Structure formats: C-alpha cells, structure tokens
Amino acid sequence: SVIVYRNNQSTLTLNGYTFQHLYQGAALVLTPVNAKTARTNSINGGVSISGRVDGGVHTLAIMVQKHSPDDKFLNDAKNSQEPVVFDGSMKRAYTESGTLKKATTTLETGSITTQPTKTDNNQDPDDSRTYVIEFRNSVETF
Amino acid sequence: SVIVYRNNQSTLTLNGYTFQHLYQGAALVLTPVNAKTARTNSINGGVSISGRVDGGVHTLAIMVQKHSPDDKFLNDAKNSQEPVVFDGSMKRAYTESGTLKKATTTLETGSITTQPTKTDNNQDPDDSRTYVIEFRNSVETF
Amino acid sequence: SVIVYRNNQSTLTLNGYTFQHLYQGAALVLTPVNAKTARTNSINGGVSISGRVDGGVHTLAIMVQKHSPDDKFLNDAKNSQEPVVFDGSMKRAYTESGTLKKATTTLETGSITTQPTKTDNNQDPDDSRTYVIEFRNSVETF
Amino acid sequence: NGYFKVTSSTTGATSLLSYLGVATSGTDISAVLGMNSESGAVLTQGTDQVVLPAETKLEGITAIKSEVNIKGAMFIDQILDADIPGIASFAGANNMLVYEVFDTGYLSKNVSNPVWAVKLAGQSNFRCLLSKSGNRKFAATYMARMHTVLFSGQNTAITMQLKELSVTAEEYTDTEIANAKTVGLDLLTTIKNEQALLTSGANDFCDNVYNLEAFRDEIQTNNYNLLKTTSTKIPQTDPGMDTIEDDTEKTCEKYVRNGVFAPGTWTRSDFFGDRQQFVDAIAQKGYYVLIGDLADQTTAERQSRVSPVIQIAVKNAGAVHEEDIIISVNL
Amino acid sequence: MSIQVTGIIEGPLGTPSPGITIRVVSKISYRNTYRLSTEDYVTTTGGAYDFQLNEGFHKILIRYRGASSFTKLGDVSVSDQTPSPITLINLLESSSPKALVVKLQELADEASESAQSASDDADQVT
Amino acid sequence: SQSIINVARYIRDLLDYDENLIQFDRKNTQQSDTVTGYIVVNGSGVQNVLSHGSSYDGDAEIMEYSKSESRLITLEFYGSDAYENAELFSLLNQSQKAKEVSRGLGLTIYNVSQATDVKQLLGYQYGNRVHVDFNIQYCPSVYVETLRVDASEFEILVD
Amino acid sequence: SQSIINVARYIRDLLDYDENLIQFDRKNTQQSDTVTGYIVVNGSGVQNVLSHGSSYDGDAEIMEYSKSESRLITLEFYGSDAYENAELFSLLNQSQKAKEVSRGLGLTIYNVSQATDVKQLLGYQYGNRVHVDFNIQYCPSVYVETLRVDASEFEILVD
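The rules we used
- Residues numbered from 1 in each chain as written, not as in the entry; some residues may be left out.
- Chains lettered and ligands numbered in written order.
- Part of a larger assembly, values for the part shown.
- Heavy atoms only, no water.
- Residues with missing side-chain atoms left out of burial classes, pairs and counts.
- 1 Å grid on protein atoms, 1.4 Å probe; cavity = no way out; pocket = protein on both sides within 12 Å on 5 of 7 lines; lining within 4 Å.
- Points joined across faces, edges and corners; volume = space filled by probe spheres on them.
- Helix = DSSP H or I, 4+ residues; strand = E, 2+ residues; numbered from the N terminus.
- Nonpolar A, V, L, I, M, F, W, Y, C, P; charged D, E, K, R; others polar.
- Least-squares fit on C-alpha atoms.
- Patch = residues over 30% accessible without salt bridge, like charges linked within 9 Å, V, L, I, M, F, W, Y side chains within 5 Å.
- Areas by Shrake-Rupley, 256 points an atom, 1.4 Å probe, with all protein chains shown as cover.
- Salt bridge = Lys/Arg side-chain N within 4 Å of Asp/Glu carboxyl O.
- Buried < 20%, exposed > 50% of the residue type's maximum accessible area, 1.4 Å probe, protein only.
- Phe/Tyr/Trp six-rings, centres within 6.5 Å; stacked < 30°, edge-to-face > 60°.
- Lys NZ or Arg CZ within 6 Å of the ring centre and 35° of its normal.
- Contact = heavy atoms within 4.5 Å.
- Buried area = accessible area lost by both parts, 1.4 Å probe.
- Axes fitted to C-alpha atoms, helices over the stretch in contact; angles between N-to-C directions.
- Left-handed = near helix turned anticlockwise from the far one by under 90°.
- Pairing = 2+ DSSP bridges.
- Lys, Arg positive; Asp, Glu negative; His and termini not counted.
- Charge placed at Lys NZ, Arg CZ, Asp CG, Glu CD.

Chemist: Kindly report on the layout of surface pockets, identifying the contributing residues and their values.
Modeler: Any empty space left between the atoms is revealed when a probe the size of a water molecule rolls over them. Its boundaries defined by the atoms lining it, the second largest pocket holds a volume of some 1,000 Å³. Around the second largest pocket sit 28 residues that line it, and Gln 20, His 21 and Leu 22 of chain B together with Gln 94 and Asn 111 of chain F are the ones nearest its centre. Counting only elements with at least two residues in the lining of the second largest pocket, the list comes to β2 (11-14) of chain B together with α2 (82-92) of chain F. The residue makeup of the lining of the second largest pocket, split by class, is 9 nonpolar, 16 polar and 3 charged.

Encoded structure:
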C-alpha cells in the first residue's frame, strides 16, 4: 500500500540511551535466530503446532563509528564486570496514507554476543564497529 | 560524531617492542574468538545472563614485511625453545572535537597461534608474513 | 625496512639436489599445518602456554615442469620402494641496508604427501607437476 | 553527624549573626571551617520568645507530604466527618493513599454517610475500612499489608482479598457484610475460624488504586531522572522525542512484567491515536504509549521547554476474588 | 559598538510591503567550525525595518509573509569599522571578502594591550 | 569545504614547500615554466560518506550534526623535480614531521597507496607529472541551536 | 509526477533557499551568472519499483492502487558557493529541520550516499559543480471507483 516514513532509519534506544552515530549503510539489522513454531506432522492430514520458547529471540547487529558516543556506550557495556542487560526499543514513524502511525519493536533483556572484529587499515579508512546485541523478545507492533 | 585521528594505524607494541614495518593494506586486525556472554532462555519472560570466561579472547592478525625487524622479532619469538608470552598494547590517538583523547587496548598473555603461510612467487612480489598472536584479554578503553 | 633480495626465488635444495626447474608463478609455498602453541585459559587472568609437538610441521608445495630433472628427482623419490626421507634447505640472499644477510630455513625429515594431480590438456598447455613434501621442522633464521 | 553546631547560652532574641569572620591577629579557621558568609550555612537567629502555633486541622497533613514524600498516611484519631471530603480531595490531588476506619454506624448507601459520599465522588484514594470496635490499629496492619511490593520482580502485584493481618478480627452478621461489600468498606472477619480480610469494589479496588498510583509516580520519576540527572539532556529531536517515549514504554514494560497490567482486549470506548493500533497494542503488549508529535506543539510552549503530552494507556491484570462453581451428582 | 541597521525596503529588495520579513543567520565560530544562529525580524508599516545587529558573519534572507520561500539577499561581514546608522541595501553591498585571515592579524593590538597590562602590573612593586 | 585546503596545508609544511607553488586541483590556473615543480591536490575522486553522527550539548545548549567521510585525493607533482617531490613526499608522509604537523587539521592521513609517473601530453612534448594516491578521511560538522526539554506533563488512562 | 517537485520542495525549505534558484533537472533552463549558486534535482537516475499494493475501501466504496518505488535522485549544486551548499546540505539532511519540514511530502529521505566535485566544462573555464547522491523512496497512488459485492447466490450439485 501507499506508505512513507519519517525518520530515515529506525531510531533506536537501549537503556534509555539513543543511538545517534549509526554507520551509514545498513547499520541496524534484526535477525530471528529461530522459528516461531516447530511442528511434528503425522499421517492422513494431521499436524501439531507448538510455538517454541525461542520465539522472539532476535539478534540485533549494530554498526557504529569506530570511536563514538554510541561505541563508547556499547564498549563500556562490553567491558563491565557484570554483563549489562539491554532493554529498549527500535521504532520508526510513518504515515500510512494520511494517518500518522508509529511502528515500534521492543527489545527485552539482551546482551553482547559477538564483539566487533576490530580492524584497522592503512590503504582504506575503516571505522566499522559492529556489535551484536541479541535479546529474547522482539515484538513488532503496528 | 565529529572525529579525526592522528597516527594513521593503531600504533602497536608487544613486549616493549614497537611494530614499525606493517604491511600496508590492513595489517593489524583484532577478532573476538568468542562471545561476551552466553545465555539460557526459559519460558514466559525469563533469561539467564552469564559472561563467559573467554570474554576478551582476541586473535590479532599482524601483516609484516617478509624479512623485517618486525618479522625478525616475531620469528625469533616463534622459534624460541619456550613459547614467549606477549604483553603490550594497541592504541590510537584521536581528537574528539577539540579535545585530544587516546584509545588504548591492552593485550595480555598471548602467543603465536598460526604461523605465516610462507609463500614466494616469481610472477609477482609477495612480502606478506602474517602472524596471529591470540591473547586472552583485549580491553579497549576510551 | 629497506630491503632487497638477490636470488629471485628462494633457492631450494633437498638431499643435496637443487631445484632449478621451478614452475614460474609461485612454485614453492610453505604452509604451517598446525599452531605453535595451544593454550587452555581459566578464570580471572590465568592461561597456560604449551608449545605443541607439531610446531614446525610445514608442508612445502613445489611446482615443477611436467617432465624435468626436478620432476625426475621428485618422481623417482615418489616411486621408490621405501619412501625417501627429504632433508635440505630453502633460503634466500638479501641485503638489509648495505649488509648482506642470508635467510635460511632448514627442512628436516620429510616425504611425499600429495602426488601431483596429473592433468593433460589439448586446448591449453599445462606442465604443472605439484608435489607436496611436508617435513616436521622448518625453522627460519635471520 | 558532620555538622558543627554553635549555640549561645542565652535563649530568646539573642543573635549569633557572624559567620566566623576573620581576625587580623592570626591564621583563620573560618574559611576551612565552611561557615563563612559566602559559604552556605544555616543560621537560625534566636527567636524572640516562646511561640504558640494555633491548633491546625488534620488538613495540616499538607505539611507532612510537604517534607517527607510519604505515600500511605494515617491518623491516630478518627477523622471527623466534615473533614472527610477535604482529606479525600487532598489524597486525590497529592497522589497518595489514606487508610481510614469506621464503625458500623457508617454502614449505609446514604449521602449523609461520608464513606458513600467518597464512593459517589470517586475519591478512590481515600480507602475506607470497617471495625465494629473502631479498632484504629486495623488501619496499621492494613497499611502494612498493602504496600509490601517491590515493582521490579517478576510477579508482585498483590490484591488484599484474604491476606494475613495483625489485629483480632471482629464479629459481623450477613447483612452488614453485604452492605460493607457494596459501600466500599473492607472487613476483617472470621472464615473457618481464621483471619479473613475482604476488600470491596464499590470504591475502586485496593490493588487497582495502589498499583495505578505507584505506576503514575514511577512514570513521573523515571521521566524526571531521564531528563535532568542523565547528564545528556535529551532534545526535541524526533530521536529525542522517541527516547522520551521509550522511557515510559520501558516503565510500562516493567509493570506488565510485574503483575499490574496484562495484555487483553480494551473494554473502554475512549482512546487516542487510532483504534486499530490502540487495541492491537493493548491486546498484545498490555500497554500503549503514544506521544504527541513535535509538529502539534506550538512555538509558544516549545520555548517553554516542555515536550508534547504523552498519552499512556494501561489495562489492569484481573485478580481472582470470587469463585462460583456448581456440582451435580450423576448418581 | 554593535550596529543598528534601518531603512525603508526599496529597490531590488522589493515593494515596501507592510508585512515583509527578514532573517539573519549568523555564523559564530563556536568550537570546531562554527554555529549558525537564526533570527527573524519583521517590518512595520510602509515597509520599514529597524534593528540592531551584532558583529561577525551574517547571511541575510528576505521574504514576504505568506510567501513560499525566502530570497537570498546575501552574505555580509559586519566589522568594527562599518557605519552604525546604515540602511540594509547599503550594507548588503559590503559583502564578506576573504580578508578575514589578514583580519586575524589584528591580534597584534591585543598582544600590545596585553604587553602594556603586564608592564603596568609589574612596575608598581618598587 | 575546508578538507582539500587542509590537505594542501599539510603538504605545504611537510615538504617545507612554497605557497604559490601548490595549486589546488582542476581549477583554472596556468602551469607556466614546466620545470617549476608544482603540486596539486586533485580532489576529483568521489568522496563517500561513512556515518552521520548527531550529538547534543546540555548547558550551552546547542547540538552538533557531523558527517564522517573519506575521499581518494590524489597528489600530482610536476616539474623537473617531480620524481623527488613524489618520493620524498611518498616517504615522509608517515614520519614525525607529518604526523606532528597535522595537529589541528581535522583530517586523518592514510598511507600512500600507489604511485604513477603518468606524464601529460604537453603538445609534442612530455612534462614530468607523477600521481600518488592516498585515501584521506575527515568529518565536516555543523552546529544548530535547538533546545532541550525540561519536563514532560502527561496523563494516563485505564479500563 | 510530483516526487521530484516534492524533493525540490524539501531542499527549498531545508536550506531556506530561493524559488528561482532551484531549477529541476535536464530540462531547458539557462544557467546565467555562474556564481549564482543553483541547485538542480537531477532525476535522470532510473527509478525502480518495489511493490504494487492494492487496497480497498468499504463504505465510501472505492479502491486504491499504489506503487512503491525508489530513485537515485542526485543533487547538483552550482555557483561560487557550491561547496558550502553541498556540505551544509549534505549535513543538514538528517537534522531536526529536514526531518521536521518534510511532513506531508509523501516521500522518504535517505542519507546522502556520496559526493563529488565534478565540475562542468564551461568552454575553456571550470564552473563549480558538485553532485551529492541519495536514494529517495516514495509511492505514487491512484484511486478507482470499483464496487463491492453484497451477496452471492449460487447452486450446488452432488452424485
């Protein structure tokens, strides 16, 4: 249908801190690690539907500037003595036809799960710190 | 945010010896071998956060000139009777907006873990000795 | 650092026989099959460094002319009743700044481990006999 | 306790004006002592004579919240009826609870009965309790039983139907049990020879009002400390407005993951934003936060440095209080 | 001192509309590059403008209320030497050149006043 | 904006080299006296962005829109001493002198990537001309007077 | 249709920039007085579709054929102040001002992708000209008076 967004990228904020230095070129990405329901399927038109406990478990890959307030926050999170839970939201504003709706996706208790692969070059500039915060519930609503 | 670095590449030094013949074209690279925290996730909004013991374990791939003081140091390290521990730091200087900050990453007890794949050609010049010193703690701070 | 080699390719000799028909285009290549030291890493800043027994085990891939004195030597080695041990050296001459140094790499008891994949074409000429002599100790010194 | 008290021997209309000054005849201690004129220091000059404040009213409770920020209040004495609407309005405005007891005399649906007046007025924060003895202590064990909740654990929102209390129950007959149920009072009575506290729904449920009140205060405080102590003041950037929306959304999460609100259909008709998203979020997330757009706010109040008016909508989690079941015998 | 530019909007600026609006964006070099500070001024009847102006780099825009967008009147560099009671059309003619770097060398006067302050601070000890 | 002029500054006082002998790029400027070894900071390479930061300040309350980016600026040396001013640059780029003089030039400086002695067809004659490549990375910024939020009044509702 | 004019609107009152100084594209329009820094919304880039929606309305019964698509519209700034009007745009594109003024312009706005100072061969002279790239995504629509179905009579059969 007809649709247009404000807010170029999904504005994002974890722990009441908003990410504002996002590496241009598809920084955020949400990946469902698992299915939403596994099934066992028996003879003659019979199946069994069971929503797994890993339903919303989503990994969020974030790309941030090599040394930025956003990378400072994520790094201080990474180096904490006790791994810091992450709660927050990814959301966009968008006007459906004329009506203004907001598409939000909560992000429950999550944590670091892959450190950035810290690469420094000389040929070419590279400021690409990619964290992956993988939560358990990522419910989009709209 | 606004940011500019002095020190083209992250100036690096292991065992009080500084690497100064770095193969141009992304010589250094830090890779996190493991996660920062594994979790088990149970029903109805419940997870368990546990930072692994392999948290900072980072492999550092170094590319150096085929026969250089840097490769001499790394090689003499490689051929020692007793494998030589590596301690040191990777760091960059950088001015945030006007203020001059230094981004440092310590490298604790580490060692050789993949010898360079010694390749010699005739078609084309190749002076590419890639060592991989993989430490256990690699804490970036800034 | 400043460096220049005599001896285009690493002049090589096994069993007192020198390889002189080297397929142009990166004939020799030394690959470390294993690490130099494996480690077990426990809590709270503790690791254990252990240099493996497979330290220097290096495979040397040689590319030689399809039917050459070098391939004759390697083949007669391959077809012996008793597999023939290989001992020798790979080394280069090179002048560091003005001083003339020699970079040598011994090759201890080794043997055939992958026969050449004998390919004969009609479209295109192919004289590419690639042997792989994999030794146990390959110590570079300089 | 780290404070240095200096008090003249004379009492009444004697002034210690000086903030320790400086003597030209030595090296001062005043500056390092921290009681200089420039240095912040309280200096309560001696009053003239003994003062006789007139007897205030129980409405003077305004002072207490003025200085302590309590949330559940009492009174040793019984609150006289004429003051009941006043203190009820105070409870509604100053965002706290006030537990009060009454004897059986106030058991009616009459307007003259103050408690029924509270019910019809919607003064839901003025909780009314029953004690034939007029046991004022019954308020204590009541106040001490409702407020035990942490608002951070998994499931902690408690009702008070049938909760152990610390005062002897009394004896009632059926008719005033029902009357108390239908006029908002609460009863501490005997069931199977046991302490049994029963709440009512005429006035809003104790669980409901207490949960809502803690919720509103917690939203206010999370929004406040997001905004003045976080040391990174949040803008009117649309990202920043989204931040301020997420703060309250996160608190609402804390509460649905608490036991106060649960997802479900929305019974009411009034709403905001649009029916579809409203009911969808409530049926799924149990809450819905929609913040006014920066556009809809005039420049006049933008320079006032106040965000748009956020609208949050919640649905209580149902609490079982009754169970009715019917059993037949197939032989 | 800070200047006060005034006049009657005439000529290429347009007809003296009694509602015309102007906008000055000042480029105040704040910390790293600069900060742009906007300010919109309106006009009294007869197309009359009268307003003070700080010193520095100002970009002036013109437009009419209810119009669709501004018109680039242009840049200007108000320095400590421009006349105070001047019209806007006249000032627009004294646009900013790239003498600013030579202007930076007015720090010689500041250096001198610092030197004199040091001298007339040092001497009194006797 | 200022980036190319900045790298021109850096090359100005890394080689201890003259003002009037560094011209910028594909502007209009006459190259008289071929032997007068010029240096030009060719910026024709596409500059590509990397990120768009957005910071905010509280007390002296304004905010800060930044844009990190990089461009493959090439350097063309001319003149009879082109080769030297190529090599002697292509090698001092990563010394003390450079890394110490590019203090406030809000502009990183990467290693020289490649060189070429591509000359120029000066009409039946060949004038010395050498290109050296190096990615340069910088980040322009602007500051905007927005304003913060001091509080937030609001109302709730429930079924 | 309206998309290019819309992005022209957005650039009109993001830079607080003039009507008559924004011309569209490869139309016919004379660029007199090179220093008068123009901006042109080059739409020559191929616009590619993404989806073809089809919605239907019940009471005021008509339906709604939509077509989401995107185009790499480039912006060419001219004039002596080309560089600034490039950078100052290339950096305010993602501020409050932009993201707040593009209210009803039924047109998303992505980040500026890359820039270039490719000038134009103005006949033995070089006039300042800078391109900045950014994908733009929008969705044209049309409404058609179809009509619903109120019932459906029908018959069945069996062996």
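More follows now that the structure is in view.
Chemist: Would you mind going over the relation of the copies chain A and chain B in detail, with residue names and values included?
Modeler: Put simply, the second copy of the chain is the first one after a rotation about an axis and a shift along it. Relative to chain B, chain A is turned by 60° and slid 0.0 Å along the rotation axis, the superposed coordinates differing by an RMSD of 0.0 Å. Taken together, the rotation and translation describe the operation of a six-fold axis. The C-alpha atom lying nearest the rotation axis in chain A is that of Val 33 of chain A; the distance is 20 Å.

Chemist: Outline a nonpolar patch on the surface, supporting the account with residue identities and numerical values.
Modeler: Residues and elements named next belong to chain D. On the surface, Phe 4, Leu 20, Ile 29, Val 32 and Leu 33 cluster together into a nonpolar patch covering about 530 Å² of accessible area. Examined against the element boundaries, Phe 4 turns out to sit in the segment before α1 (30-33). For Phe 4, a relative accessible area of 62% gives the class exposed.

Chemist: An account of empty space enclosed by the protein is needed here, citing residue identities and associated values.
Modeler: Space inside the largest cavity adds up to approximately 280 Å³. Tallied by class, residues from the lining of the largest cavity come to 5 nonpolar, 14 polar and 2 charged. Roughly 140 Å³ of internal volume is contained in the second largest cavity. In terms of lining, the second largest cavity is formed by 16 residues, of which the most central are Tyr 5, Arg 6 and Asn 7 of chain A together with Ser 102 and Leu 107 of chain G. Secondary structure elements with two or more residues in the lining of the second largest cavity: β1 (4-5) of chain A together with α3 (96-101) of chain G. Here the lining of the second largest cavity is composed, by residue class, of 7 nonpolar, 6 polar and 3 charged.

Chemist: So what's going on with the packing of aromatic side chains? Residues and values would help.
Modeler: One pair of aromatic rings is described through two measures. These are the centre distance and the angle between the planes. Within the structure shown, the criterion is met by 36 aromatic pairs over all chains. Aromatic pair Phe 272 of chain D and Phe 278 of chain D: ring centres 5.0 Å apart, planes at 75°, arrangement edge-to-face. The burial state of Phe 272 of chain D is the same as that of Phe 278 of chain D; both residues are buried. With 5.8 Å between their ring centres and 45° between their planes, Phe 77 of chain G and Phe 89 of chain G make a pair best called tilted. On the criterion of sequence distance, the pair formed by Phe 77 of chain G in strand β6 (residues 68-78) and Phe 89 of chain G in helix α2 (residues 82-92) is long-range, its members being 12 residues apart. Both residues of the pair, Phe 77 of chain G and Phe 89 of chain G, count as buried. Just above the ring of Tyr 5 of chain C sits the side chain of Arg 92 of chain C; from NZ or CZ to the centre is 4.2 Å.

Chemist: I'd love a proper account of the interface of chain A and chain B, names of residues and values included.
Modeler: Interface extent is often summarised as the accessible area lost during association of the parts. Taken together, the contacts link 34 residues of chain A with 40 residues of chain B. Taken together, the two surfaces of chain A and chain B that pack against each other cover about 3,100 Å², and 47% of this comes from carbon and sulfur. Our count for the contact surface shared by chain A and chain B stands at 2 salt bridges. Elements supplying a minimum of two residues to the side of chain A that touches chain B: α1 (69-78), β9 (100-114) and β10 (129-134) of chain A.

Chemist: Quick rundown of the packing of helix α7 (residues 206-227) of chain D against helix α8 (residues 238-256) of chain D? Include the residues and the values.
Modeler: All names here are of chain D. The N-to-C vectors of α7 and α8 enclose an angle of 145°; their axes lie 10 Å apart at closest approach. The interaxial crossing formed by α7 with α8 has right-handed handedness. Judged by residue contacts, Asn 211, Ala 214, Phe 215, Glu 218, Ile 219, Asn 222, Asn 223 and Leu 226 of α7 engage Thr 243, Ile 244, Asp 247, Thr 248, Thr 251, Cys 252, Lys 254 and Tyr 255 from α8. The residue makeup of the contact of α7 with α8, split by class, is 7 nonpolar, 6 polar and 3 charged.

Chemist: Outline the side chain of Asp 242 of chain D, listing residues and values.
Modeler: Along the polypeptide, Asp 242 of chain D turns up in helix α8. The contact partners of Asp 242 of chain D, leaving out residues within four places of it in the chain, are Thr 11, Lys 91 and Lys 102 of chain A.

Chemist: Let's hear about the sheet that holds strand β11 (residues 141-144) of chain G: which residues, and what values?
Modeler: Residue and element names in this part refer to chain G. With antiparallel pairing, the 3 strands of this open sheet are ordered in space as β4-β5-β11. The open sheet terminates on both sides in strands that have one partner only, identified here as β4 (54-56) and β11. Adjacent strand axes in the sheet meet at a mean angle of 20° when their direction is disregarded. By the bridge criterion, 3 bridges tie β4 to strand β5 (residues 63-66) in an arrangement that is antiparallel.

Chemist: Go over a negative patch on the surface with me, naming the residues and quoting the values.
Modeler: On the surface, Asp 80, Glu 106, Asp 109, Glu 110 and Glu 113 of chain E cluster together into a negatively charged patch. Among the secondary structure elements, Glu 106 of chain E is positioned in the loop between α2 (100-104) and α3 (107-122).

Chemist: Help me get a handle on the arrangement of the chains, residues and values and all.
Modeler: In this structure chain C stays clear of chain D, and the shortest span between their C-alpha atoms is 31 Å. Contact between chain B and chain G is absent, and the least distance between their C-alpha atoms amounts to 12 Å.

Chemist: Report on the sheet that holds strand β12 (residues 154-158) of chain F, specifying residues and quantitative values.
Modeler: A sheet is described by the order of its strands in space; here 3 strands give the open sequence β6(D)-β7(D)-β12(F), paired in mixed fashion. If you trace the sheet from one side to the other, it starts and ends with β6 (287-291) of chain D together with β12 of chain F, each paired once. Between one strand axis and the next, the sheet turns through 15° on average, direction left out of account. In terms of strand pairing, β6 of chain D meets strand β7 (residues 310-314) of chain D through 5 bridges, oriented antiparallel. Bridged to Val 289 of chain D within β7 of chain D is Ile 312 of chain D. With respect to the sheet, α7 of chain D is in contact with β7 of chain D together with β12 of chain F, its orientation differing from that of β12 of chain F by roughly 150°.

Everything listed is a geometric property; what it means functionally is a separate question.
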